[PDB]
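Chemist: To start, I am sharing the structure in question, which I have written as structure tokens.
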Amino acid sequence: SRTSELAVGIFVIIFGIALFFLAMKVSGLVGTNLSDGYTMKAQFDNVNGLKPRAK
Amino acid sequence: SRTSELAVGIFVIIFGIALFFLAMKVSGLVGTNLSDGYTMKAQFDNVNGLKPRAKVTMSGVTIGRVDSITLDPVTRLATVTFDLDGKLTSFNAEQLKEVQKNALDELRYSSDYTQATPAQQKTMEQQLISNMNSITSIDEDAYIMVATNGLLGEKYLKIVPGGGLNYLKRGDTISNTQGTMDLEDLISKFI
Amino acid sequence: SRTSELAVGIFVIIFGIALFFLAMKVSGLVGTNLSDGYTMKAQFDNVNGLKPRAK
Amino acid sequence: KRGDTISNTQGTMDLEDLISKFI
Amino acid sequence: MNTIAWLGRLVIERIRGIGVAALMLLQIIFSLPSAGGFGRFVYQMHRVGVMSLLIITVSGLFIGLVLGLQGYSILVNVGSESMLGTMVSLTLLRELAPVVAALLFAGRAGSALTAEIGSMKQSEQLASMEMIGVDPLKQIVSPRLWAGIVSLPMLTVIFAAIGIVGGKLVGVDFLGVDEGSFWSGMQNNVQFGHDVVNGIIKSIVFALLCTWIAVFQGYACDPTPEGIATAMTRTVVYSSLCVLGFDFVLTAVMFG
Amino acid sequence: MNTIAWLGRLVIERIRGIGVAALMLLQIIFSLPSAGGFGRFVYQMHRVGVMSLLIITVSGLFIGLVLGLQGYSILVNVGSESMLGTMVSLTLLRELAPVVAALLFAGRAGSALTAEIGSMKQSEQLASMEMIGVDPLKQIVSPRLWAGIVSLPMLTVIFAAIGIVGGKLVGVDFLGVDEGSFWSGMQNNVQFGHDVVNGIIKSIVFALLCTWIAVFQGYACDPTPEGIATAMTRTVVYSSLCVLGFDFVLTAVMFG
């Protein structure tokens with residue numbers, strides 16, 4: 001039985017990591033939650049104060 | 001015995017006060033109520049942070065919200081739907097003659113009727129059937145715009161009035177507009 | 001000695017109940033009205049963001 | 001008297017009017 | 001290499017200990033209630049809830065007097081303190097009243113349940129109740145769990161209401177800001193369904209963890225008069241870590 | 001009129017309970033130390049301080065991740081988040097790290113002393129120590145009091161340092177603000193002697209109250225295995241009320 005307890009315990013924590021990496025994606029705070037993205041680029045002469053994750 | 005049935009009944013009362021105090025003395029719930037509203041819409045060339053559920057003003061008074069700001073990708077212009085009210089912005093039961101006695105006043109004037117196509121009862125009967133329902137206080141020569149209050153506050157919509165011989169009916173597109181100005185606009189226009 | 005053990009009971013329960021009125025008075029949910037006030041009016045053309053109960 | 005009407009007003013001068021006039 | 005061997009043996013027993021407390025929760029909530037189960041829940045709402053009413057109402061005032069006194073000292077340099085009524089009622093409603101009122105519930109009414117179910121285990125009242133045939137999970141434990149999930153979200157509202165009223169006292173009536181711009185700054189920026197409801201859902205997830213831990217530690221003790229008191233600090237520590245841990249996860253979802 | 005007579009009888013015993021705990025403090029600190037008194041203070045710094053190091057460092061990180069995530073959601077609407085590094089390190093240094101790190105010290109290491117001195121009172125170790133001639137206040141109680149006044153101000157600094165570093169992680173490296181304007185916003189607005197020293201003096205007054213209460217409750221128990229556990233909730237409640245009570249008095253003086 002003790003083994004049973006153990007298992008039913010490794011399944012809580014693994015589910016506890018499945019939630020933390022769901023709520024970190026839907027927050028926007030990791031990954032890319034915007035669909036079918038395609039990439040373009042440009043060439044400036046001066047871009048001040050522009051980090052990634054801009055609008 | 002009866003104490004433990006009573007001293008819980010007090011605990012639900014003090015929760016009942018301090019929940020009612022939050023909804024209707026702190027949070028905005030009692031102040032937001034669309035009194036039999038409808039919906040109009042517009043198209044903009046810049047909406048730089050017009051957040052949804054903003055306010056719409058006519059003369060500096062809250063008569064509307066904001067519901068959806070999406071692009072129109074066949075022209076790449078904005079699309080805003082705002083729900084005004086049906087008591088602050090339209091003519092009610094007694095008021096229906098006040099716009100037919102104004103249509104007869106400045107619009108059906110004889111010097112104005114003798115400036116268009118010749119008739120005697122064409123526009124004279126139209127002003128009794130078009131003007132009775134589906135009509136707001138907004139004269140159609142009133143162009144909506146985005147503004148802000150102060151220099152830190154959120155973006156809100158402003159309807160500047162004036163003129164106007166027909167009124168916007170229902171679900172109509174407000175004619176002219178102007179966008180919002182910020183530093184990328186002003187200093188490139190201050191010269 | 002019971003009068004000593006009961007004087008403290010009232011002197012607490014005064015302070016426990018009179019402090020509820022002072023916490024109900026300053027929450028604005030009771031009273032909050034002036035002394036023999038009246039009501040004028042004026043009619044503007046553009047009140048840019050004049051919320052009610054402003055000074 | 002009480003209840004009367006003050007009738008000499010002026011409206012607010014906002015920045016969308018002011019800065020566009022300040023040009 | 002014994003210390004590494006003792007450290008690995010420590011966290012294996014603490015992992016298994018979660019699995020027992022998970023199976024204990026599925027036996028309580030997946031059962032239709034026995035006859036007489038509502039008469040004990042009303043009584044257990046008196047012990048857990050009503051006795052905790054004095055500490056929360058008093059300590060909720062002391063944070064409101066601090067938030068009004070600190071928010072005025074910062075917002076007077078930038079000269080914009082029509083936002084004083086916003087930042088006081090925005091610090092409490094979404095952040096402090098869900099969190100601090102769970103750090104005081106874990107102490108007062110959290111650890112008291114672990115002493116209450118714990119002293120029933122060393123004095124053999126739980127073992128005596130079972131031989132009669134009465135199941136002690138349904139009889140003793142289950143009216144204490146449902147009186148914890150209900151009594152904390154009723155207490156963060158009393159914490160948040162007294163905290164704003166206390167912040168109105170030192171802001172408006174002692175430091176001298178405008179009363180009308182205090183309240184009208186609230187109704188513009190503080191919505192109901194985004195702020196007051198999301199401050200209640202944050203406390204239901206907190207009330208489940210501060211009660212399911214505080215019940216399991218007093219049910220799975222070791223029956224010993226100094227084994228009870230070692231499980232009352234195990235339930236204040238583990239509650240305060242799961243409150244602050246599920247704080248960041250719920251904040252990132254709701255306000256991200 | 002019995003309930004008012006019982007209520008007045010309750011707060012009279014709680015008033016004379018303060019007077020015993022005041023006379024107990026004047027007997028501890030007004031004495032030159034016995035031979036061997038430093039060897040027990042180093043050992044009692046291990047139990048109180050070092051065992052509390054894990055909860056404070058982990059929970060200090062979780063507040064920093066919340067303060068960086070909430071301060072960014074507010075300061076992005078006004079568009080000024082070069083003050084993000086200021087308001088994170090100003091919320092912690094003067095307000096949260098003195099207060100929250102005393103609400104976790106009252107639970108973990110506060111109530112553990114009341115179980116430790118309390119179980120020595122029911123099992124007659126304190127009475128047996130006195131008949132040998134050794135005074136139990138100088139022998140047992142006094143190395144525990146001085147290990148509480150030292151170990152908490154060493155722990156609010158570790159709370160405040162880990163909270164800022166955690167707030168730098170979610171602000172700069174995850175949400176994307178400038179790293180140089182994060183740190184240079186700190187050195188302009190955050191002084192040392194007005195902010196970091198006044199966050200330490202606030203925790204010495206807190207460390208005295210969370211230890212003098214937690215020692216007196218375990219010394220003046222009633223010797224009973226369920227009378228000990230009722231005095232471990234008396235010392236978490238009374239510590240959390242004196243922390244938040246002396247918060248407002250010390251804030252009004254320092255930042256008024």
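Just remember, in the structure tokens the first chain shown is A, the second B, etc., residues are 1-based per chain, and ligands are 1-based in the order shown.
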When you look at residue C:50 with a cut-off of 8 Å (counting only C-alpha atoms), what residues show up, excluding the ones that are within fewer than 2 positions of it in the same chain? I need them as number ranges by chain.
Modeler: B: 60-61; C: 47-48, 52, 54
Chemist: With a distance cut-off of 10 Å and only C-alpha atoms, select the neighbouring residues of residue D:23, excluding the residue or stretch itself and same-chain residues fewer than 2 positions from it, and output the selection as a short mmCIF file (atom, residue, chain, number, x, y, z; two decimals) with C-alpha atoms, in the first residue's frame.
Modeler:
```cif
data_model
loop_
_atom_site.label_atom_id
_atom_site.label_comp_id
_atom_site.auth_asym_id
_atom_site.auth_seq_id
_atom_site.Cartn_x
_atom_site.Cartn_y
_atom_site.Cartn_z
CA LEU B 186 2.71 66.41 -32.37
CA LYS B 189 3.28 68.57 -36.71
CA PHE B 190 4.52 71.43 -34.47
CA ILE B 191 6.90 72.73 -37.17
CA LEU D 18 -5.29 74.06 -25.93
CA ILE D 19 -2.25 72.33 -27.48
CA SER D 20 -3.80 72.55 -30.94
CA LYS D 21 -4.25 76.27 -30.29
#
```
Chemist: Using all C-alpha atoms paired in order, least-squares fit chain C onto chain A and give me the moved copy as a short mmCIF file (atom, residue, chain, number, x, y, z; two decimals) with N, CA and C atoms, in the first residue's frame.
Modeler:
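In the end it all went to selection23.cif:
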```cif
data_model
loop_
_atom_site.label_atom_id
_atom_site.label_comp_id
_atom_site.auth_asym_id
_atom_site.auth_seq_id
_atom_site.Cartn_x
_atom_site.Cartn_y
_atom_site.Cartn_z
N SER C 1 -5.33 -1.51 1.34
CA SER C 1 -5.39 -0.10 1.69
C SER C 1 -4.22 0.65 1.07
N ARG C 2 -3.24 -0.11 0.58
CA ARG C 2 -2.04 0.47 -0.02
C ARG C 2 -2.37 1.20 -1.31
N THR C 3 -3.43 0.77 -2.00
CA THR C 3 -3.83 1.49 -3.21
C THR C 3 -4.44 2.85 -2.87
N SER C 4 -4.92 3.02 -1.64
CA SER C 4 -5.41 4.33 -1.21
C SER C 4 -4.25 5.22 -0.79
N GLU C 5 -3.23 4.61 -0.20
CA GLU C 5 -2.06 5.34 0.25
C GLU C 5 -1.07 5.59 -0.89
N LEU C 6 -1.40 5.14 -2.10
CA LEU C 6 -0.50 5.35 -3.22
C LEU C 6 -1.19 6.12 -4.34
N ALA C 7 -2.53 6.13 -4.34
CA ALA C 7 -3.25 6.99 -5.26
C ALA C 7 -3.04 8.46 -4.90
N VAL C 8 -2.92 8.75 -3.60
CA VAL C 8 -2.69 10.11 -3.14
C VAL C 8 -1.25 10.52 -3.45
N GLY C 9 -0.35 9.55 -3.51
CA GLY C 9 1.04 9.86 -3.82
C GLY C 9 1.23 10.31 -5.25
N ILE C 10 0.52 9.68 -6.19
CA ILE C 10 0.64 10.07 -7.59
C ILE C 10 -0.13 11.37 -7.84
N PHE C 11 -1.32 11.48 -7.26
CA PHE C 11 -2.20 12.62 -7.52
C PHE C 11 -1.63 13.91 -6.93
N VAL C 12 -0.76 13.78 -5.93
CA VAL C 12 0.02 14.93 -5.48
C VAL C 12 1.14 15.21 -6.47
N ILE C 13 1.88 14.17 -6.87
CA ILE C 13 3.14 14.39 -7.57
C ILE C 13 2.89 14.72 -9.04
N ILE C 14 1.66 14.48 -9.52
CA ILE C 14 1.24 15.08 -10.78
C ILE C 14 1.11 16.59 -10.61
N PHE C 15 0.40 17.00 -9.55
CA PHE C 15 0.15 18.42 -9.29
C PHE C 15 1.43 19.15 -8.92
N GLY C 16 2.41 18.43 -8.38
CA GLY C 16 3.65 19.07 -8.00
C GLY C 16 4.60 19.26 -9.16
N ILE C 17 4.38 18.51 -10.25
CA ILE C 17 5.31 18.54 -11.38
C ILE C 17 4.68 19.27 -12.56
N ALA C 18 3.37 19.10 -12.75
CA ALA C 18 2.67 19.84 -13.80
C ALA C 18 2.59 21.33 -13.48
N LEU C 19 2.76 21.69 -12.21
CA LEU C 19 2.77 23.10 -11.84
C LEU C 19 4.14 23.72 -12.09
N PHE C 20 5.15 22.90 -12.34
CA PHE C 20 6.44 23.47 -12.69
C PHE C 20 6.49 23.87 -14.16
N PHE C 21 5.77 23.14 -15.01
CA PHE C 21 5.71 23.51 -16.42
C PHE C 21 4.90 24.79 -16.61
N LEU C 22 3.83 24.95 -15.83
CA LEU C 22 3.02 26.16 -15.93
C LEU C 22 3.77 27.35 -15.35
N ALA C 23 4.71 27.11 -14.44
CA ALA C 23 5.53 28.20 -13.93
C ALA C 23 6.76 28.42 -14.79
N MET C 24 7.09 27.44 -15.64
CA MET C 24 8.13 27.65 -16.63
C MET C 24 7.57 28.21 -17.93
N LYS C 25 6.29 28.00 -18.20
CA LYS C 25 5.69 28.54 -19.41
C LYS C 25 5.45 30.04 -19.30
N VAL C 26 5.08 30.53 -18.12
CA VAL C 26 4.67 31.92 -17.98
C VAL C 26 5.84 32.78 -17.54
N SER C 27 7.03 32.19 -17.42
CA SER C 27 8.22 32.98 -17.17
C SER C 27 8.89 33.41 -18.46
N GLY C 28 8.39 32.97 -19.61
CA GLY C 28 8.95 33.36 -20.88
C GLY C 28 10.22 32.66 -21.25
N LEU C 29 10.71 31.75 -20.42
CA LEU C 29 11.95 31.04 -20.71
C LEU C 29 11.73 29.79 -21.54
N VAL C 30 10.49 29.43 -21.83
CA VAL C 30 10.18 28.28 -22.66
C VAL C 30 9.13 28.68 -23.68
N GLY C 31 9.46 28.50 -24.96
CA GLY C 31 8.48 28.73 -26.00
C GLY C 31 8.35 30.19 -26.35
N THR C 32 7.13 30.71 -26.15
CA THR C 32 6.70 32.09 -26.39
C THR C 32 6.93 32.44 -27.87
N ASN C 33 6.16 31.81 -28.75
CA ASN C 33 6.27 32.07 -30.17
C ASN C 33 4.89 31.95 -30.81
N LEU C 34 4.70 32.67 -31.91
CA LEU C 34 3.40 32.74 -32.54
C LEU C 34 3.18 31.56 -33.48
N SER C 35 2.03 31.57 -34.14
CA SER C 35 1.64 30.50 -35.04
C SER C 35 1.77 30.97 -36.48
N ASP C 36 2.63 30.27 -37.23
CA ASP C 36 3.05 30.52 -38.62
C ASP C 36 3.20 32.00 -38.95
N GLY C 37 3.91 32.73 -38.10
CA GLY C 37 4.18 34.13 -38.33
C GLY C 37 5.14 34.33 -39.48
N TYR C 38 5.32 35.60 -39.84
CA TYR C 38 6.22 35.98 -40.90
C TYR C 38 6.94 37.24 -40.46
N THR C 39 7.61 37.91 -41.39
CA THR C 39 8.40 39.05 -40.99
C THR C 39 8.42 40.06 -42.11
N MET C 40 7.75 41.18 -41.91
CA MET C 40 7.86 42.31 -42.80
C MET C 40 8.97 43.22 -42.29
N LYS C 41 9.12 44.37 -42.93
CA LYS C 41 10.06 45.37 -42.44
C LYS C 41 9.66 46.73 -42.98
N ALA C 42 10.12 47.77 -42.29
CA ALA C 42 9.98 49.14 -42.76
C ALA C 42 11.16 49.92 -42.23
N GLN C 43 11.43 51.07 -42.85
CA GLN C 43 12.62 51.84 -42.54
C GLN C 43 12.25 53.27 -42.20
N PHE C 44 12.35 53.62 -40.92
CA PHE C 44 12.01 54.94 -40.41
C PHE C 44 13.25 55.82 -40.36
N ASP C 45 13.02 57.09 -40.07
CA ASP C 45 14.10 58.06 -39.91
C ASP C 45 14.29 58.47 -38.45
N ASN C 46 13.26 58.32 -37.62
CA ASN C 46 13.42 58.60 -36.20
C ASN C 46 12.49 57.76 -35.35
N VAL C 47 12.99 56.65 -34.82
CA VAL C 47 12.24 55.83 -33.87
C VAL C 47 12.64 56.29 -32.47
N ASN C 48 11.87 57.24 -31.94
CA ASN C 48 12.15 57.78 -30.62
C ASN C 48 11.75 56.78 -29.55
N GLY C 49 12.70 55.95 -29.14
CA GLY C 49 12.49 55.03 -28.04
C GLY C 49 11.49 53.93 -28.31
N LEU C 50 11.69 53.19 -29.40
CA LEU C 50 10.88 52.02 -29.70
C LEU C 50 11.71 50.80 -29.31
N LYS C 51 11.52 50.33 -28.09
CA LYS C 51 12.24 49.15 -27.62
C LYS C 51 11.72 47.92 -28.35
N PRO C 52 12.51 46.85 -28.42
CA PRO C 52 12.02 45.62 -29.05
C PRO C 52 10.90 44.96 -28.26
N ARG C 53 10.17 44.08 -28.95
CA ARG C 53 8.99 43.35 -28.49
C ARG C 53 7.85 44.26 -28.04
N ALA C 54 7.79 45.47 -28.57
CA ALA C 54 6.64 46.34 -28.38
C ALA C 54 5.56 45.93 -29.37
N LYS C 55 4.31 46.30 -29.12
CA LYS C 55 3.19 45.72 -29.83
C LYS C 55 3.00 46.38 -31.19
#
```
Chemist: Could you please tell me, as a PDB file with N, CA and C atoms, in the first residue's frame, which residues of chain E have an atom within 8 Å of chain F when using only C-alpha atoms?
Modeler:
```pdb
ATOM      1  N   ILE E  55      -9.628  38.991  15.615  1.00  0.00           N
ATOM      2  CA  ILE E  55      -8.250  39.230  15.194  1.00  0.00           C
ATOM      3  C   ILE E  55      -8.222  39.846  13.800  1.00  0.00           C
ATOM      4  N   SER E  59      -6.752  43.564  13.086  1.00  0.00           N
ATOM      5  CA  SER E  59      -5.539  43.616  12.282  1.00  0.00           C
ATOM      6  C   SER E  59      -5.805  44.162  10.887  1.00  0.00           C
ATOM      7  N   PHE E  62      -5.261  47.906  11.107  1.00  0.00           N
ATOM      8  CA  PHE E  62      -3.895  48.382  11.289  1.00  0.00           C
ATOM      9  C   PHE E  62      -3.135  48.406   9.975  1.00  0.00           C
ATOM     10  N   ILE E  63      -3.532  47.570   9.017  1.00  0.00           N
ATOM     11  CA  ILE E  63      -2.934  47.647   7.695  1.00  0.00           C
ATOM     12  C   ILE E  63      -3.488  48.827   6.917  1.00  0.00           C
ATOM     13  N   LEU E  65      -4.427  51.689   8.172  1.00  0.00           N
ATOM     14  CA  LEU E  65      -3.790  52.903   8.665  1.00  0.00           C
ATOM     15  C   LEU E  65      -2.367  53.027   8.151  1.00  0.00           C
ATOM     16  N   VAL E  66      -1.727  51.905   7.837  1.00  0.00           N
ATOM     17  CA  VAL E  66      -0.384  51.940   7.274  1.00  0.00           C
ATOM     18  C   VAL E  66      -0.423  52.240   5.782  1.00  0.00           C
ATOM     19  N   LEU E  69      -1.023  55.841   5.222  1.00  0.00           N
ATOM     20  CA  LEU E  69       0.071  56.696   5.654  1.00  0.00           C
ATOM     21  C   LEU E  69       1.296  56.540   4.772  1.00  0.00           C
ATOM     22  N   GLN E  70       1.470  55.381   4.144  1.00  0.00           N
ATOM     23  CA  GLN E  70       2.605  55.201   3.251  1.00  0.00           C
ATOM     24  C   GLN E  70       2.287  55.675   1.844  1.00  0.00           C
ATOM     25  N   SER E  73       2.708  59.470   1.632  1.00  0.00           N
ATOM     26  CA  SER E  73       4.065  60.001   1.664  1.00  0.00           C
ATOM     27  C   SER E  73       4.755  59.870   0.315  1.00  0.00           C
ATOM     28  N   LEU E 103      -2.615  34.398   6.117  1.00  0.00           N
ATOM     29  CA  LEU E 103      -1.504  34.195   7.034  1.00  0.00           C
ATOM     30  C   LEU E 103      -1.919  34.347   8.485  1.00  0.00           C
ATOM     31  N   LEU E 104      -3.055  34.977   8.747  1.00  0.00           N
ATOM     32  CA  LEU E 104      -3.586  35.040  10.099  1.00  0.00           C
ATOM     33  C   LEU E 104      -4.617  33.962  10.357  1.00  0.00           C
ATOM     34  N   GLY E 107      -2.608  30.770  11.419  1.00  0.00           N
ATOM     35  CA  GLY E 107      -2.176  30.809  12.797  1.00  0.00           C
ATOM     36  C   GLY E 107      -3.289  30.552  13.788  1.00  0.00           C
ATOM     37  N   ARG E 108      -4.302  31.413  13.789  1.00  0.00           N
ATOM     38  CA  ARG E 108      -5.371  31.358  14.778  1.00  0.00           C
ATOM     39  C   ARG E 108      -6.277  30.152  14.594  1.00  0.00           C
ATOM     40  N   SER E 111      -4.081  26.376  13.024  1.00  0.00           N
ATOM     41  CA  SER E 111      -3.359  25.496  13.930  1.00  0.00           C
ATOM     42  C   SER E 111      -4.249  25.000  15.062  1.00  0.00           C
ATOM     43  N   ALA E 112      -5.356  25.693  15.322  1.00  0.00           N
ATOM     44  CA  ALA E 112      -6.262  25.268  16.381  1.00  0.00           C
ATOM     45  C   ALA E 112      -7.003  23.990  16.012  1.00  0.00           C
ATOM     46  N   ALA E 115      -4.630  21.080  16.750  1.00  0.00           N
ATOM     47  CA  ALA E 115      -4.633  20.723  18.161  1.00  0.00           C
ATOM     48  C   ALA E 115      -5.914  19.997  18.531  1.00  0.00           C
ATOM     49  N   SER E 119      -5.497  16.192  19.620  1.00  0.00           N
ATOM     50  CA  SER E 119      -5.702  15.717  20.979  1.00  0.00           C
ATOM     51  C   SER E 119      -6.774  14.646  21.045  1.00  0.00           C
ATOM     52  N   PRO E 225       2.195  13.484  23.540  1.00  0.00           N
ATOM     53  CA  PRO E 225       1.914  14.870  23.951  1.00  0.00           C
ATOM     54  C   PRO E 225       2.899  15.896  23.427  1.00  0.00           C
ATOM     55  N   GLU E 226       4.088  15.477  23.036  1.00  0.00           N
ATOM     56  CA  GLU E 226       5.045  16.331  22.361  1.00  0.00           C
ATOM     57  C   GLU E 226       5.185  15.989  20.883  1.00  0.00           C
ATOM     58  N   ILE E 228       2.169  16.079  19.211  1.00  0.00           N
ATOM     59  CA  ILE E 228       1.110  16.978  18.762  1.00  0.00           C
ATOM     60  C   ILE E 228       1.669  18.361  18.475  1.00  0.00           C
ATOM     61  N   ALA E 229       2.447  18.903  19.409  1.00  0.00           N
ATOM     62  CA  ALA E 229       2.996  20.245  19.299  1.00  0.00           C
ATOM     63  C   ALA E 229       4.028  20.382  18.195  1.00  0.00           C
ATOM     64  N   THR E 230       4.604  19.278  17.734  1.00  0.00           N
ATOM     65  CA  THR E 230       5.495  19.336  16.586  1.00  0.00           C
ATOM     66  C   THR E 230       4.713  19.320  15.282  1.00  0.00           C
ATOM     67  N   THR E 233       3.407  23.238  14.384  1.00  0.00           N
ATOM     68  CA  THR E 233       4.303  24.081  13.611  1.00  0.00           C
ATOM     69  C   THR E 233       4.513  23.546  12.212  1.00  0.00           C
ATOM     70  N   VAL E 236       1.588  25.459  10.336  1.00  0.00           N
ATOM     71  CA  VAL E 236       1.674  26.895  10.109  1.00  0.00           C
ATOM     72  C   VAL E 236       2.702  27.181   9.030  1.00  0.00           C
ATOM     73  N   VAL E 237       3.773  26.396   8.991  1.00  0.00           N
ATOM     74  CA  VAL E 237       4.804  26.559   7.978  1.00  0.00           C
ATOM     75  C   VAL E 237       4.288  26.150   6.609  1.00  0.00           C
ATOM     76  N   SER E 240       1.730  28.675   5.138  1.00  0.00           N
ATOM     77  CA  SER E 240       2.270  29.955   4.706  1.00  0.00           C
ATOM     78  C   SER E 240       3.137  29.818   3.467  1.00  0.00           C
ATOM     79  N   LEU E 241       3.585  28.608   3.146  1.00  0.00           N
ATOM     80  CA  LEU E 241       4.332  28.423   1.910  1.00  0.00           C
ATOM     81  C   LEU E 241       3.406  28.185   0.732  1.00  0.00           C
ATOM     82  N   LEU E 244       1.743  31.756  -0.236  1.00  0.00           N
ATOM     83  CA  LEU E 244       2.616  32.595  -1.038  1.00  0.00           C
ATOM     84  C   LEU E 244       3.024  31.923  -2.337  1.00  0.00           C
ATOM     85  N   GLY E 245       2.916  30.605  -2.423  1.00  0.00           N
ATOM     86  CA  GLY E 245       3.266  29.907  -3.641  1.00  0.00           C
ATOM     87  C   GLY E 245       2.171  29.984  -4.677  1.00  0.00           C
ATOM     88  N   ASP E 247       0.029  32.296  -4.620  1.00  0.00           N
ATOM     89  CA  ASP E 247      -0.147  33.714  -4.892  1.00  0.00           C
ATOM     90  C   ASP E 247       0.368  34.092  -6.267  1.00  0.00           C
ATOM     91  N   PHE E 248       1.615  33.725  -6.566  1.00  0.00           N
ATOM     92  CA  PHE E 248       2.247  34.130  -7.815  1.00  0.00           C
ATOM     93  C   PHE E 248       1.591  33.459  -9.014  1.00  0.00           C
ATOM     94  N   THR E 251      -1.751  35.258  -9.491  1.00  0.00           N
ATOM     95  CA  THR E 251      -1.582  36.642  -9.920  1.00  0.00           C
ATOM     96  C   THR E 251      -1.199  36.709 -11.391  1.00  0.00           C
ATOM     97  N   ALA E 252      -0.360  35.775 -11.839  1.00  0.00           N
ATOM     98  CA  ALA E 252       0.090  35.757 -13.225  1.00  0.00           C
ATOM     99  C   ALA E 252      -1.053  35.442 -14.180  1.00  0.00           C
ATOM    100  N   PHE E 255      -3.888  38.725 -13.569  1.00  0.00           N
ATOM    101  CA  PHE E 255      -3.441  40.069 -13.910  1.00  0.00           C
ATOM    102  C   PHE E 255      -2.193  40.041 -14.777  1.00  0.00           C
ATOM    103  N   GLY E 256      -2.193  39.201 -15.804  1.00  0.00           N
ATOM    104  CA  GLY E 256      -1.060  39.099 -16.704  1.00  0.00           C
ATOM    105  C   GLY E 256      -1.372  39.576 -18.108  1.00  0.00           C
TER     106      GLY E 256
END
```
Chemist: Name the closest residue to residue F:180 among the candidates F:39, F:136, F:199, F:85; distances are taken between atoms, counting only C-alpha atoms.
Modeler: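 Under the stated criterion, the closest residue is F:85.
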Chemist: Counting only C-alpha atoms, give me one row per residue of chain E with an atom at most 9 Å from an atom of chain A, showing the shortest contact pair and its distance in Å to one decimal, sorted by chain then residue number, as CSV.
Modeler:
```
residue,atom,partner,partner_atom,distance
E:12,CA,A:6,CA,8.3
E:13,CA,A:6,CA,8.5
E:15,CA,A:9,CA,5.8
E:16,CA,A:6,CA,4.3
E:17,CA,A:9,CA,7.5
E:18,CA,A:9,CA,5.4
E:19,CA,A:9,CA,3.9
E:20,CA,A:5,CA,5.6
E:21,CA,A:9,CA,8.8
E:22,CA,A:8,CA,7.4
E:23,CA,A:8,CA,7.7
E:249,CA,A:23,CA,6.8
E:250,CA,A:23,CA,8.2
E:252,CA,A:27,CA,5.7
E:253,CA,A:27,CA,5.2
E:254,CA,A:27,CA,8.0
E:255,CA,A:27,CA,8.0
E:256,CA,A:27,CA,5.0
```
Chemist: Hey, which of B:17, B:119, B:29, B:104 ends up closest to chain C? Count only C-alpha atoms.
Modeler: B:17
Chemist: List every residue of chain D that DSSP, applied to the backbone, labels as alpha helix (DSSP H), and write the result as a VMD selection string.
Modeler: chain D and resid 15 to 21
Chemist: Go ahead and save the picked residues with C-alpha atoms, as a compact mmCIF listing (two decimals), in the first residue's frame.
Modeler:
```txt
# COMPACT_ATOMS: atom_id res chain seq x y z
CA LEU D 15 -5.58 70.03 -23.97
CA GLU D 16 -7.04 68.81 -27.27
CA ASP D 17 -8.24 72.40 -27.67
CA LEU D 18 -5.29 74.06 -25.93
CA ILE D 19 -2.25 72.33 -27.48
CA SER D 20 -3.80 72.55 -30.94
CA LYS D 21 -4.25 76.27 -30.29
```
Chemist: Would you work out the distance separating atom CA of residue B:176 from atom CA of residue B:158, expressed in Å to one decimal?
Modeler: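 Between atom CA of residue B:176 and atom CA of residue B:158 the gap is 12.4 Å.
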Chemist: Taking only C-alpha atoms into account and nothing else, which residues of chain B lie no more than 9 Å away from chain E? Please answer as a PyMOL selection string.
Modeler: chain B and resi 1+4-5+7-8+10-12+14-15+17-19+21-23+25-29+31
